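Secondary and tertiary structure notes
One-letter residues, chain by chain:
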Amino acid sequence: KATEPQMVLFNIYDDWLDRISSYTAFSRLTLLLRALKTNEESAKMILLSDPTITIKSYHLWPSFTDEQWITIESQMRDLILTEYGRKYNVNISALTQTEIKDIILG
Amino acid sequence: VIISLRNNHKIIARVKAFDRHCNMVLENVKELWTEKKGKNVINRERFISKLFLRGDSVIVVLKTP
Amino acid sequence: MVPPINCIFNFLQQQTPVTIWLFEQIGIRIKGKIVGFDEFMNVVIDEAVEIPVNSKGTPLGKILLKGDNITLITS
Amino acid sequence: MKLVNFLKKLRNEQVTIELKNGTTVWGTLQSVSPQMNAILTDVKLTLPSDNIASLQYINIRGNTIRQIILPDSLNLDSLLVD
Amino acid sequence: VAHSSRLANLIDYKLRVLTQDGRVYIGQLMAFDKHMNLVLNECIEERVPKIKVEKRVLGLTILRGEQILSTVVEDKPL
Amino acid sequence: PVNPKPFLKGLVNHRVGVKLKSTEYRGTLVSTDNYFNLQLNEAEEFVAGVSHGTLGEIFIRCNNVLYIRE
Amino acid sequence: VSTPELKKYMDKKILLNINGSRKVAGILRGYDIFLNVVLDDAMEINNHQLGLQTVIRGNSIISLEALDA
Amino acid sequence: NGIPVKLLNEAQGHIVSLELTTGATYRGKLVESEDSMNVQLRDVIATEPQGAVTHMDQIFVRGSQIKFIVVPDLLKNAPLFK
Amino acid sequence: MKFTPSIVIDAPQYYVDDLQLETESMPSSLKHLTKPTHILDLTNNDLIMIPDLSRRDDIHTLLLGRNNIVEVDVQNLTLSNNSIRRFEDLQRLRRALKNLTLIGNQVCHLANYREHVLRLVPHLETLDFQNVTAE
Amino acid sequence: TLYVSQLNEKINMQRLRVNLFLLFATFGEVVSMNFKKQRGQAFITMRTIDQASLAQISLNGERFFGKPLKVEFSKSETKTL
RNA sequence: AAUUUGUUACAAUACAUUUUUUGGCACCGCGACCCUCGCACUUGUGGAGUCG
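Per-chain numbering applies: from 1 upward along each written sequence, possibly unlike the entry's numbering, with residues missing coordinates excluded. To label them, take the chains in the order written and letter them from A, then take the ligands in the order written and number them from 1. Reported values pertain to the displayed chains only, which are themselves part of a larger assembly. Just so you know, side-chain values use all the structure's heavy atoms and leave hydrogens and water out. Residues with missing side-chain atoms are left out of burial classes, side-chain pairs and their counts.

Method of determination, as annotated in the archive: cryo-EM, at 3.40 Å resolution.

Describing the overall build of chain D
Put simply, the rule reads: Runs of H or I in DSSP of at least four residues are treated as helices and runs of E of at least two as strands, each being numbered from the N terminus. Our radius of gyration is a C-alpha quantity, and the globule rule it is checked against amounts to 2.2 Å times the number of residues to the power 0.38. Categorising residues by exposure relies on relative accessible area from a 1.4 Å probe, with only protein chains included: less than 20% of the type maximum marks a residue as buried, more than 50% marks it as exposed, and the intermediate range marks it as partly exposed.
Of regular secondary structure, chain D possesses 2 helices and 5 strands. Sequence-ordered secondary structure for chain D, helices as α and strands as β, is α-β-β-β-β-β-α. Relative to the globule expectation of 12 Å for 82 residues, the C-alpha radius of gyration of chain D, 13 Å, shows essentially globular dimensions. Structurally, chain D occupies a C-alpha span of about 40 × 25 × 20 Å along its principal axes. Every one of the 82 residues in chain D was classed for burial, and the buried ones make up 52%.

Considerations on the sheet that holds strand β5 (residues 72-73) of chain C
So the rule is basically this: Any two strands with at least two DSSP bridges between them are considered paired. The contact criterion used throughout is that any non-hydrogen atoms of two residues lie within 4.5 Å. Orientation is described by lines fitted to C-alpha atoms, with helices fitted over the stretch in contact, and by angles between N-to-C directions that extend from 0 to 180 degrees.
The 4 strands lie next to each other as β5(C)-β7(G)-β4(G)-β3(G), forming an open sheet whose pairing is antiparallel. Looking at the sheet topology across the chains shown, the edges are occupied by β5 of chain C together with β3 (27-31) of chain G. Where β5(C) and strand β7 (residues 53-56) of chain G come together, 2 bridges link them in antiparallel fashion. In the strand pairing of β7(G), C:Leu72 is matched with G:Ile56. Against the sheet, helix α1 (residues 4-14) of chain C engages β5 of chain C together with β3, β4 (37-40) and β7 of chain G, with an angle of about 130 degrees to β7(G).

Regarding the interface of chain G and chain C
Accessible area lost upon the coming together of the parts serves often as the stated size of an interface. Put simply, the rule reads: Residue type decides the class: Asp, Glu, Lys and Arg count as charged, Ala, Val, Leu, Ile, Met, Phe, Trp, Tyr, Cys and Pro as nonpolar, and the leftover types, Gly among them, as polar.
Facing the 20 residues of chain G at the interface are 21 residues of chain C. Elements supplying a minimum of two residues to the side of chain G that touches chain C: β3 and β7 of chain G. Class assignment for the residues of the side of chain G that touches chain C results in 6 nonpolar, 9 polar and 5 charged.

Here we look at helix α3 (residues 66-88) of chain A
Defined as follows: Working rule for helices: expected span equals 1.5 Å times residues minus one.
Taking 1.5 Å of rise per residue, the 23 residues of α3(A) would be expected to cover 33 Å, and the 33 Å separating its terminal C-alpha atoms lies within 8% of that figure. In the segment just after α3(A), A:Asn89 is the residue with positive phi, at about 50 degrees.

Focus on the pattern of salt bridges
To be explicit about the condition: Only one rule defines a salt bridge in this text: a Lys or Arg side-chain nitrogen within 4 Å of an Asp or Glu carboxyl oxygen.
Among the salt bridges present, the one from A:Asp66 reaches A:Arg19, with a minimum N-O distance of 3.4 Å. On the criterion of sequence distance, the pair formed by A:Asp66 in helix α3 and A:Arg19 in the segment before α1 (22-38) is long-range, its members being 47 residues apart. Salt-bridge contacts for E:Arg23 lead to E:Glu45; the nearest nitrogen and oxygen are separated by 2.8 Å. Within this pair, whereas E:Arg23 is found in the loop between β1 (14-19) and β2 (24-31), its partner E:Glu45 is found in strand β3 (residues 38-47), the two being separated by 22 residues in sequence. Among the charged side chains, a network of salt bridges with common partners joins E:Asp21, E:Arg23, E:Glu45, E:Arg56 and H:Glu19.

What about the sheet that holds strand β2 (residues 42-44) of chain J?
Residues and elements named next belong to chain J. Here 3 strands make up an open sheet; going across it, the order is β2-β1-β5 and the pairing antiparallel. Sheet topology places β2 and β5 (70-73) at the edges, where each strand pairs with a single neighbour. Each adjacent strand pair in this sheet contributes to an overall mean axis angle of 30 degrees, direction not counted. In the sheet, strand β1 (residues 2-5) pairs with β5 via 4 bridges, with the strands oriented antiparallel. Looking at the pairing, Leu2 lines up with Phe73 of β5.

Comments concerning the packing of aromatic side chains
Convention followed: Only rings of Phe, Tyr and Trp enter the pairing, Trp through its six-membered ring, and a pair is recorded when the two centres are within 6.5 Å. The plane angle decides the type: under 30 degrees is stacked, over 60 is edge-to-face, the rest tilted. Counted as over-ring charges are cases with an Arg CZ or a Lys NZ within 6 Å of the ring centre that also lie within 35 degrees of the ring normal.
An angle of 70 degrees between the planes, with centres 5.1 Å apart, marks the rings of A:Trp16 and A:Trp69 as edge-to-face. With A:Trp16 in the segment before α1 and A:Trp69 in helix α3, this residue pair connects regions lying 53 residues apart in the sequence. A ring pair is formed by I:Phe129 and J:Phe64, whose centres lie 5.9 Å apart and whose planes are at 45 degrees; its orientation type is tilted. Of this pair, I:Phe129 sits in the loop between β9 (126-127) and β10 (130-131) while J:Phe64 sits in strand β3 (residues 63-64), each in a different chain. Clustering of aromatic rings is evident, with ring pairs tying together A:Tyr13, A:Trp16, A:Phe64 and A:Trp69. Lying across the ring of A:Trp16, A:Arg28 places its NZ or CZ 5.7 Å from the centre. Lying across the ring of F:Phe7, C:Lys62 places its NZ or CZ 4.1 Å from the centre.

Comments concerning the interface of chain B and chain D
Contact residues are listed per partner, giving 23 residues for chain B and 22 residues for chain D. Where the side of chain B that touches chain D is concerned, the elements lending two or more residues are β3 (24-33) and β4 (44-53) of chain B. Of the residues belonging to the side of chain B that touches chain D, the class tally is 10 nonpolar, 4 polar and 9 charged.

Things to note about the pairing of strand β2 (residues 24-32) of chain F
Residues and elements named next belong to chain F. In this sheet, β2 lies alongside strand β1 (residues 15-20) in antiparallel orientation, the contact comprising 2 bridges. Residue pairing across strands places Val16 opposite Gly27, the latter belonging to β2. Sheet analysis places β2 next to strand β3 (residues 38-46), joined by 7 bridges and oriented antiparallel. Across the sheet, residue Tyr25 finds its bridge partner in β3, namely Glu45. Hairpin remark: β2 followed by β3, antiparallel, with 5 residues in the connecting loop; positive phi at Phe36, about 65 degrees.

A closer look at unusual backbone geometry
All names here are of chain I. Phi is positive for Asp52, which is not a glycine, with a value near 80 degrees. Inspection of the secondary structure assignment puts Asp52 in the loop between β4 (49-50) and β5 (61-63). Here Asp128, not a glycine, exhibits a phi torsion of approximately 50 degrees, which is positive. Secondary-structure assignment places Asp128 in the loop between β9 and β10.

Considerations on the packing of α1(A) against α3(A)
All names here are of chain A. Short version of the rule: Oblique is the label for any angle not under 35 degrees, not over 145, and not in the 65 to 115 range, which are roughly parallel, roughly antiparallel and roughly perpendicular in turn. By definition, turning the near helix anticlockwise from the far helix through less than a right angle yields a left-handed crossing, and turning it clockwise yields a right-handed one.
Between α1 and α3, whose axes approach to 10 Å, the crossing angle comes to 45 degrees. As summarised for this structure, α1 and α3 are arranged oblique, according to the angle between their axes. Where α1 crosses over α3, the two elements pack in a sense that is left-handed. Here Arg28, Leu31, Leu32, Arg34, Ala35 and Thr38 of α1 come into contact with α3, specifically with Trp69, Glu73, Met76, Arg77, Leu79, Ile80 and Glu83. Of the residues assigned to the contact of α1 with α3, the class counts are 7 nonpolar, 1 polar and 5 charged.

Some words on the side chain of I:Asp128
Under the convention used in this document: Here a polar contact is taken to be a pair of N or O atoms separated by no more than 3.5 Å, where protein atoms must pair a possible hydrogen donor with a possible acceptor and residues adjacent in sequence count only if both atoms sit in side chains.
A polar contact is formed between the side chain of I:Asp128 and the side chain of I:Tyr113, at a distance of 2.7 Å. If sequence neighbours within four positions are ignored, I:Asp128 has contacts with I:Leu100, I:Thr101, I:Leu102, I:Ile103 and I:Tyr113.

This is how it looks when you write it as structure tokens:
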């Protein structure tokens, strides 16, 4: 919607600083953006699965509770492993933890 | 948003499409009803990914902020 | 011939005791005075009174009863 | 504007359909009319606690179809373009 | 049965037909409508009382589309 | 003199209650159209004269309507 | 589009079989393309008349079976 | 225009049978029919949904409330269809 | 002249005096009728055993006149003029059936043939065009 | 067409016609009213004429629902024929 | 030793408020008895009495 060159500021963390440290907040940012790099619309469906939790006006990520953010970290995390196995044709049950943590981190 | 329906179905879902007839394309769909042959009390609900809807069904749509 | 629209108009002109029946609803009736007229059977009827049918009387205000659920008129 | 157009665009989709009488209908939409009359192929009728009945071809009427349950993968925005 | 596109292209096929009341009309579609009314050549109404199929042969029947739910193919032509 | 549509128009931004094909309603009218579909704020659901729940912002479909009242 | 040819039934008493297993009687005074009926009043079927004249909506009519031949 | 309507019109004169939404079958000489199946019939018997039968003179029926119409099998032959 | 799909597809199809198909040594390939018939006429053929049917939910009448039925593997079954010889060969009909006709079969002359059918196939109401009575 | 009379008129019309169809199908591919006039009678129409003749000779006096049926060739040709 | 052009006709490519598709949805027969022997094209078909 921007037809003109301009600077615009945004907020990644919404307010995650109260309940979540910047380390872990940026880490979950990196993971979420990896699934947005890879899975795209499905990772979106994990956000919009329950529409009764809506994205706020100021913010970017829809506001969940701590347990919900954790379970979302589980689903979103596992997405990268699933797609790894799909395209690379390498079963997850044949994998060593170093490779799983590496792929999820990168 | 939530929708009330002729057949006692509370449709909590994300709206995608809209028209004259109030037909709707729906994502993140979560219906609510009760399969119950009397006397009985059960409360059931199912998730559906994508779902088209017909307008005669719709009684009252509502928006919970 | 006396058309329905004409009859309705006449009723409106008069302001007389109108007793409406409900479509697919036996137990309830309405009783008031016709104020409005529409292209369809819909009208506005001020000083209306809901009635439970004899198989008493109940409080009710000013109302427009929708044209699709009308059945009977008399005025 | 029109959902009819969208419906038309949805072709050859293996979908469930739900009626005003609650009948669940698993079939491949070969075509749909301008008035939502669904034409299915490879059809499977089940009720909402009893046994199943399968059929090759079913033309269901538009007034009956309450909710057509769409496929798993679908790009909706694209579909919605004129 | 064949893999048709529309109803019109499968004219004169023996047809199962369901209606809102729960009856099942069976017969060859002679003619269709803008509002899905059906002419049936040799029509048999088959009903189920609340057990086992009750059966009535009607004959040549005009069938209103309002009451029609859905149509299915019973057999081939002839 | 008073037709229905003009009455309806007048009654915008005012309290109304609706019965259905049955459950009573109660809320402030936002706007209306030719088809007599409704949009209300502060909706309260009178289940046969018993306010079961307060929904708030709602949209009633026309064909299920029975009558309008203050 | 076409007018319901009820000119045969004009000014005759008719059993208007109406929605919900109910009935009406009365002499036929008028009608329209939607099959609304305007009739000089009679009873609802033991029996009790309401009104001087009556108007029945089109949708509501199951049947209008002629009492007089 | 509807061919079923045409057929109905043709059946004028003949003894048609006629069930409604209520499920109350009639049989009689078809006096007049219209585009909307607004049938009139003469010398007409009237079966109740439960069972009992009642003779009656000149019934009118509105097509909205009509379910299905049986026409005599002679009309099958000619010459409306082709 | 095998009962084949091709055979069934060119066979006279009509509404009888029910939807009936007009029809061989062995009953087979009935799948191709697509369960669209209320009646199937297999009269004057050479079938030996009433067997080989697919699941046919429609089929209510089977006319099997003048064949060679000697063994049995549905509301009306007409088996006139066939080869059923022992009462025990009629036993499989207990698992079905209201109208049964077995005339002109050797089995008919066996002692107690009528009573045997009545006790073993009680669902039959009319046997050989005679009312099964209480007595 | 063959004309049958002396039939047990207690059988319901649709059952009579269905047993008649069944019985007579043995001779070739195949009208009965319960009015006072027509009760106890039926007209059975066959595609082939040889079938009608065979039926007539072979089922003369066949016990049907308790009575021996009497068969004869019809006086006129059937409308369907 | 079928192809192109023109003309004529038919069919196909619009919308929710009473008659169709924006729904008023959902929670004679079976036991008994006896009458009728009649050449047709059918709402239905004997009559008395008992059972549903």
